[PDB]
4 protein chains.
Amino acid sequence: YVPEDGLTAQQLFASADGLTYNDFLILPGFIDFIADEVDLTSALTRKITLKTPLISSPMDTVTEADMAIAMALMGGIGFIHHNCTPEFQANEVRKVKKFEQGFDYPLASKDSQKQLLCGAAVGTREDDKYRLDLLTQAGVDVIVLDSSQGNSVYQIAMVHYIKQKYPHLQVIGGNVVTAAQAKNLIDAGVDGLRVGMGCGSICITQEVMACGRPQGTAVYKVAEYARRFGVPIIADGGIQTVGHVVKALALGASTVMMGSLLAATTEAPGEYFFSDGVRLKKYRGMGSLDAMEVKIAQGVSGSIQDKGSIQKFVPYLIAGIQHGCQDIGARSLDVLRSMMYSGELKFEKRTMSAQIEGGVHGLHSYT
Amino acid sequence: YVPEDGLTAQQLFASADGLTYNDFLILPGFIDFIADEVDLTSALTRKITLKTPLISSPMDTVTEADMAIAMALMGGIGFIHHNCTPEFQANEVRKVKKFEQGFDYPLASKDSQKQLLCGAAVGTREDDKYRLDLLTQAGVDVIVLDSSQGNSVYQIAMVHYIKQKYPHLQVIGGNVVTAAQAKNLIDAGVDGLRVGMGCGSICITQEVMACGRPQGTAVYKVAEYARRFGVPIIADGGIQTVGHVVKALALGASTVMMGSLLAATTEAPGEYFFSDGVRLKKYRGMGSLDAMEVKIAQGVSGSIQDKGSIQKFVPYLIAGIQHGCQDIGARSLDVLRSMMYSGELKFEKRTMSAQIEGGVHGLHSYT
Amino acid sequence: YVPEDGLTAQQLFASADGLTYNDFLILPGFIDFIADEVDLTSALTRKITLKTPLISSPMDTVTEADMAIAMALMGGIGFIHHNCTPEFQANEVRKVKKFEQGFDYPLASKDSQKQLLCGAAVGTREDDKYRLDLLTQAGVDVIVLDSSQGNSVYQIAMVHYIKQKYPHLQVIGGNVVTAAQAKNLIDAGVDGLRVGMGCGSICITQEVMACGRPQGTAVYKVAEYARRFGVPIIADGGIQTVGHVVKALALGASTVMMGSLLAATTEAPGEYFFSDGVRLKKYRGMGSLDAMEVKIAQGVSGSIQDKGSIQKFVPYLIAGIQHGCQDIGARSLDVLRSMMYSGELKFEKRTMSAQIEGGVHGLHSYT
Amino acid sequence: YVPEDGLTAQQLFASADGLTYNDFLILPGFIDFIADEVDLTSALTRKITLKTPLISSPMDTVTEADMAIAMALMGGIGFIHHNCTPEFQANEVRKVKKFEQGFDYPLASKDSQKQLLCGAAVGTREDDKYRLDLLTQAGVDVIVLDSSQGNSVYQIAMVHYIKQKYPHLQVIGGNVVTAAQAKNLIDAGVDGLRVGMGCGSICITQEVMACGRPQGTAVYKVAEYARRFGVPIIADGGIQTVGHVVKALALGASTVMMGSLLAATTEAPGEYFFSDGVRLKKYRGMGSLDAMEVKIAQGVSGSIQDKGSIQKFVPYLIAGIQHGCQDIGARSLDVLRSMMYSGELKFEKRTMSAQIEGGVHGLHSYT
Ligand SMILES: NC(=O)c1ccc[n+]([C@@H]2O[C@H](COP(=O)([O-])OP(=O)(O)OC[C@H]3O[C@@H](n4cnc5c(N)ncnc54)[C@H](O)[C@@H]3O)[C@@H](O)[C@H]2O)c1
Ligand SMILES: NC(=O)c1ccc[n+]([C@@H]2O[C@H](COP(=O)([O-])OP(=O)(O)OC[C@H]3O[C@@H](n4cnc5c(N)ncnc54)[C@H](O)[C@@H]3O)[C@@H](O)[C@H]2O)c1
Ligand SMILES: NC(=O)c1ccc[n+]([C@@H]2O[C@H](COP(=O)([O-])OP(=O)(O)OC[C@H]3O[C@@H](n4cnc5c(N)ncnc54)[C@H](O)[C@@H]3O)[C@@H](O)[C@H]2O)c1
Ligand SMILES: NC(=O)c1ccc[n+]([C@@H]2O[C@H](COP(=O)([O-])OP(=O)(O)OC[C@H]3O[C@@H](n4cnc5c(N)ncnc54)[C@H](O)[C@@H]3O)[C@@H](O)[C@H]2O)c1
Ligand SMILES: O=c1[nH]cnc2c1ncn2[C@@H]1O[C@H](COP(=O)(O)O)[C@@H](O)[C@H]1O
Ligand SMILES: O=c1[nH]cnc2c1ncn2[C@@H]1O[C@H](COP(=O)(O)O)[C@@H](O)[C@H]1O
Ligand SMILES: O=c1[nH]cnc2c1ncn2[C@@H]1O[C@H](COP(=O)(O)O)[C@@H](O)[C@H]1O
Ligand SMILES: O=c1[nH]cnc2c1ncn2[C@@H]1O[C@H](COP(=O)(O)O)[C@@H](O)[C@H]1O
């Protein structure tokens, strides 16, 4: 007999401290398989499944056609940003949809016609209807309603309109952090939910508006509620490391969306420049004054260091996730989440001293 | 009559905050002996006892033959690293085993033939069997199975193989942080356990894989479980100070293993170099890309400032431990641990403000 | 009717978090007197009362005869350090005892013969008996047994010896942080207690030996126990501000001892020097290698910025204490402590965010 | 070393469950004296001390002159009831004051003239002033203001009047169960307090008026507050056993007042009668309709079984108290209370199952 060690997820979130990724760890389990055996199949919506849980964010410094093609080939997907004209966006979607490899990718995301999957973002205003018919003529597969606070009559009306006019189109609902928000969007009829508010690397929404939630708590609560109706959720924002990806998936998320991790890659839109002897690319929030152009800024504009190509960077992330799952003792992401919900998966909190101990420390210097 | 002050260890760990060394202190007791009377005899395995609780880590920038000889003479032991050919490792072990002082050390670690004790690390792959054969012909005394997560079918199979083929060899099992992990390795038949995951100074395992545990909690829990079967545990990683050594021993550990504290000594492998006007030596994790050579890095590579010789540095550590035990009121490490388990030893938590108050503060400058 | 706000001291310390001065505040009360009316009379020992609660520390960079004379004139007292020959120490005490003002100070500390009060420190070894003989012929008024851990057979034996040979001499017992330590020294027969271990500005005892206690908790617990026997306690170490003085007095201390606050004044021993364009004086712990001269260092050696004269600095401290007492609504320190013990005085905890809010913030620059 | 067992009184009352005598026990201590050595000296008021803690209640079926003489001879005291004419009451007091033994009692309660001590009860109306002067002419020693709720302007005015006109007379203030009630009466100037409301054996005040407090909690809280001003308190009502007496004294009471325990003794007023083959005496509350004669009844009227003489019954109670103190390890009642306040005395709660286990159980029959 062995006494139990650590906390279940339900106990971990019972004290209501406002935890996020860096505040806890996952305890190791039992290893009886190799890391290359770990299955990463994940549900994007009610009806779309991917071989990898990685999604590119619809930001104008992250995802255009080249990014989307690379993500689809690597086994994820990309959502084209809509900070542009509808004709431009539809042309980007068409470029993705008509790509042909030579004119090996065993994990590529494909539709029935064997074309690459693609997604796009739209707003909740009247002209977005015209945007929408253009995008559907270009052959989009899935739509995300792009908003900081999706629990509104505007977004609900847009969801109803889409469901009426295109009964085949998959729709992902706007950003939520509570079950009460999730309920209205699920009743309106969304096939997926985007979770997170204020946690993004370029975000200042929390400081400016006082509204948001710690991302780990938000992911756990919303996923726990949404699984009751078979609705998968995307964990969006605040991902800085492979460990963060693993933690988000273990807390209930089906997929993970990244802006800053994938910025400054070759496929990202924009030009490379130099400063202080380092190669850089621009990365900015959609709510920064540069992107929008009295108007209130909800994001900043900055730069990221070059990371190389997506087709090199993504396999590193996949291998990291598989090794994390092996250390946990889970041979697939479905098994990981079922162990979490049954209480078999165990967690531990970290003090600030523990977090310092977890990083590099006590060295004169290092690279 | 006096009311009780402070917390017992069991109460200290009851709230499950995820404590490590810097998060608490030990309250003083009653002094009726001098510091030079404090006995530091400690059990390395079921059948090997040392006169000092200090062990050198099997890393390729820490322990080769010179380090191992120095540690054995000072009253500890060293484990030769296996990031090298089996012939090279066996030659290192032979060099340690055939050393003769002149061809005083009252605390030296010796075997029956009166030769210095030595240890070595091996992996869990097929060629490690041949490594084992060579090391056993060189006369090793104890083996550590070297792994980040020892609770696996591979390590269990290797333990069974070693027990079958060399019934006399002492084996220390791979790194664990939970009682459930400890149970499988103890059932397989290990004579000792290495405890710690993610806490090392050169480690990034926690950030990359999301898996680990705060080291103080891990030491307390695993030692409390393992004492039931008479299995001693080594506290491995995260030791930066003599106070950390004392805390680890008071929490239940029998010995303490150090990588970075003993790096940049004369006996450490490698060459001294200069930079920015300071003499330095390389110190790197075994999971860094330099050591291993898609592959995922689990450690970094850095440098440490010169510390002088082991035969000067270790007596400083011994005297520090003895003075800590005197302030606690414990005349031996066995007495210290029995006071801990009986509840006589008392602890107190530290806020961050308390930790700041505990260090140097309020000075213009100091050296 | 008004509901109660805040915590009593007993509730504040019930959760056992390990609080220091910076972790809490005192809530304001009702003002019906001016700040100049606040009485600061305080008990140094069972039989010595001072008009001010301020004491100079027996360190070789803080208190010699000039410091002691200034402190006595301002209404406190100084303890001569014993890092010197007994003849030198006795000469210092004689210089203090024979001082005559002109060869106004309404608060000066005097004895029956109308000479200034003086104190001295001694150790617990055999030659300290001869030191004691010389100091008593020089006319000392009070002795502090100087040790990091006073709960020992050595200190108890020295207390018994002093009580037997000089039944008139007042003795203050070595540094303690628990009631169990306090009990033995009180049974041996001390007239006062020095409280604090590891909290001093130049101290590294906690990091090196793992032994100590947060100073606010230590003061509250030891004073609560010691008042039962009519033994006053000195709060020693970790005082950086007037607010810290006020907090220590409100938690139960009768007097406060300062090393670093009074260092780099004109009366402090040593010479002024310049570096980087600032005038400085040396300030070092008695356990640093410079002071002691294998030996283990328990303190560091540094420098402090010039503060001017004691006869200017101390009145600033007195006025600060009086204004704090006025804001609290206490017209004397005895009344302050009685309000604390009755539960009328109320406290509140501070998060780290609250502590940041409490300091200077949100400025481009300031002086 | 031994861990602490049980709860201190402060911890016992921290959960606010509303405990009374039967809800807890006292844990045994260490015996190093015989039961006959136990000192039972107790303070009745600021200025009257008795050799025994037992008081007779001022009820018209309990205390008249014969009861008062017997109690004084046995070492307690009796308060004459005032449900009668002032001339009758004064005659009773005169009878007590002029008694002479023969016209051995080593514990008898005496005044300076060597006459037996006596007490009397008065109300808070205008004619009570005339009652009071008559009683003072008869030579009363102490007065209790007799009321169910003493925290009123009427009782405060009567206390002021008594203090003005008879500065030598000791006054005990009306029944209270809270510190807020106690404060007003202490400010008015009482020398003692009567504690208890609704707990008496013949009382229905709680059922009729919804106002009261469990007696054990009331005794602890009021005594803890009143000791700060040197005011002793009487525990009044709800005493059925010697164990209850011991518990009340251990919780802080200085004396204990009994109505029903002393009813149906030879000295009690009234006539013996028979019914159903048992000898009985009447015992009724002062608030029952029979005693008062729309009027609301606050007590009932009943009967008690004959107990014999006071001079036999009281020594049994004294011996029981002494044996309880011996089992506790307290050689006097002052020592018992000091052990309680220091935390050395330890208590334990009882479930209902534990209370059943504590009585007689599992027998066919018994006598
Ligand atoms: N996830 C986050 O925390 C976060 C925070 C800030 C910004 N962002 C991103 O930046 C961009 C800005 O988002 P946003 O919320 O400011 O844009 P939005 O268009 O959703 O909201 C702007 C404002 O217009 C209002 N509005 C929207 N549709 C309306 C309609 N049909 N009729 C009337 N009023 C209407 C909204 O209620 C809101 O006050 C998006 O790409 C968003 O995803 C995200
Ligand atoms: N203590 C720590 O937290 C920590 C963390 C990282 C690395 N390290 C150290 O760095 C080095 C690297 O350790 P590691 O765990 O990466 O090495 P490892 O060889 O134990 O593990 C590497 C991978 O190979 C697999 N593997 C091992 N033996 C196998 C077998 N027989 N058949 C199939 N698969 C097998 C493992 O399951 C794992 O996925 C070691 O020296 C280790 O001690 C320590
Ligand atoms: N308050 C603090 O936290 C703190 C910490 C470190 C140093 N200090 C100060 O620095 C100085 C050094 O203090 P310390 O405790 O190192 O000095 P100490 O002389 O009290 O202790 C030194 C060592 O000698 C031992 N010792 C003392 N008297 C002895 C005797 N008669 N026989 C045998 N052994 C004996 C002690 O037990 C201890 O191991 C003092 O001035 C002290 O106040 C204070
Ligand atoms: N201890 C108990 O729980 C308890 C309960 C009920 C009765 N008793 C006893 O029974 C008897 C009845 O007590 P009681 O409280 O009913 O009697 P009381 O005379 O104290 O009170 C009767 C009523 O008269 C009022 N009153 C008293 N003095 C007054 C004044 N000067 N002017 C105006 N109003 C005035 C009171 O406020 C109350 O409403 C007493 O002997 C008492 O000790 C005790
Ligand atoms: O301007 C902005 N203000 C606040 N949040 C934004 C903004 N732009 C994008 N976001 C969110 O931040 C996410 C990316 O955050 P990151 O991965 O942490 O860089 C996006 O997917 C959006 O949900
Ligand atoms: O590359 C690595 N990644 C993570 N942990 C390592 C690595 N190499 C060694 N370790 C562990 O870290 C310990 C030393 O840590 P340190 O004493 O804190 O420097 C070793 O004994 C190993 O257990
Ligand atoms: O060398 C040392 N090591 C640790 N504590 C010391 C040392 N020297 C003095 N102290 C303590 O520190 C106090 C002064 O601390 P400060 O006021 O915070 O500067 C003294 O009164 C001593 O109790
Ligand atoms: O009529 C009444 N109603 C309520 N309480 C009474 C009454 N008469 C006396 N008491 C109280 O009950 C106490 C006696 O209670 P007993 O010892 O439990 O019988 C007296 O000392 C009074 O405080």
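Count begins at 1; order follows the chain as displayed.
Structure method, as recorded: electron microscopy, 2.1 Å.
Keep in mind that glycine also has a Cβ here, set from the backbone N, Cα and C atoms.
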Which residue of A:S201, A:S309, A:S332 does Swiss-Prot report at the same IMP site as A:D236, A:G237, A:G238, A:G259, A:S260, A:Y283, A:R284, A:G285, A:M286, A:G287, A:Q298? A:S201
Those recorded positions of A:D146, A:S147, A:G198, A:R213, A:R227, A:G358 having Cα within 10 angstroms of A:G237 (IMP binding site): A:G198
From A:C203, A:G259, A:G285, A:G287, A:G359: binding-site residues whose CA lies within 10 A of A:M197 (NAD(+) binding site): A:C203
Nonlocal neighbours by CB distance (under 8 Å) for A:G198 (NAD(+) binding site), same chain, sequence gap 6 or more: A:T205, A:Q206, A:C211, A:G212, A:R213
Of A:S147, A:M197, A:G198, A:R213, A:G287, A:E357, which recorded positions come close to ligand 5, meaning Cβ under 6 Å from one of its atoms? A:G287
Listed binding-site residues among A:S147, A:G200, A:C203 whose Cα sits within 10 Å of A:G285 (IMP binding site): A:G200, A:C203
The number of other Cβ atoms within 10 Å of the Cβ of A:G196 (NAD(+) binding site), counted over all protein chains shown, is 26
Less than 8 Å, Cβ to Cβ, versus chain D; work out which of the binding-site residues A:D146, A:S148, A:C203, A:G259 satisfy that and list them by sequence. none
Cβ under 8 Å to chain B, applied to recorded positions A:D146, A:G198, A:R227, A:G237, A:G259, A:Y283: none
List the other residues in this chain whose Cβ sits within 8 Å of the Cβ centroid of the NAD(+) site residues A:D146, A:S147, A:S148, A:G196, A:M197, A:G198, in sequence order. A:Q149, A:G150, A:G174, A:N175, A:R194, A:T205, A:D236, A:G237
Across all chains shown, how many C-beta atoms besides its own are within 10 angstroms of the C-beta of A:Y283 (IMP binding site)? 22
Determine the Cβ neighbour count for A:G285 (IMP binding site): the number of other Cβ atoms within 10 Å of its Cβ. 25
Who sits close to A:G358 (K(+) binding site): which same-chain residues at least 6 apart have their Cβ under 8 Å from its Cβ? A:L25, A:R350
Checking proximity to ligand 1 here: which recorded positions out of A:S201, A:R213, A:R227, A:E357, A:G358, A:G359 have their Cβ closer than 6 Å to it? none
Whole-number Å value of the largest CA-CA distance among A:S201, A:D236, A:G237, A:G238, A:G259, A:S260, A:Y283, A:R284, A:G285, A:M286, A:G287, A:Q298, listed as IMP-binding: 16
